[PDB]
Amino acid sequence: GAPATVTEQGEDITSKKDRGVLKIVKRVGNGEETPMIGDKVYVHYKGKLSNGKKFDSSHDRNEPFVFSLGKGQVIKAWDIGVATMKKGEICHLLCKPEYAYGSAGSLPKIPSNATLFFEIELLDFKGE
């Protein structure tokens, strides 16, 4: 399925090249511009665990998730991955635990040492 495909066929987008964050662009976005550090970014996403279960979805809440990029407001994989996206892009990200919740996890939902899979749509970005 899609998690296997990004695992086996995705691009390593880490500066370290440590295969910690892998990406496939699923729906090509607009032009060339990506958000810059500190921009307010609006996304829709879903997340799955490696047991095959969906653990979260913004779609199901009927509103996007909004954060300030590159500030550590989200897991490292998200700051890295969203920074690569164009407006309107949909991607798949595979996030090893070192770029997510690590050995601690985040109970109740995120186990220790969890590799996370996301589908992410970048709706918009704006400077404040």
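So that there is no doubt, residue numbering starts at 1 and follows the sequence shown. Think of the rigid core as the biggest set of C-alphas that the two forms share within 1.5 Å after superposition.
Between 33-41 and 46-54, the larger mean CA deviation from the shown form in 4 other deposited structures of this protein, after core superposition, belongs to 46-54. Fitting each structure in 4 other deposited structures of this protein onto the rigid core and averaging C-alpha distances over structures and residues, 23-31 emerges as the more displaced of 95-103 and 23-31.
Remark: stretch with higher mean C-alpha B factor among 20-28 and 102-110 is 102-110. Mean CA B-factor, 52-60 versus 80-88: the higher value falls on 52-60.
Looking at the C-alpha B-factors along this chain, the one for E8 belongs to the middle third. In this PDB entry, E121 carries a Cα temperature factor that places it within the lowest third of its chain's modelled residues. Ranked by Cα temperature factor within the chain, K40 sits in the middle third according to the deposited record.
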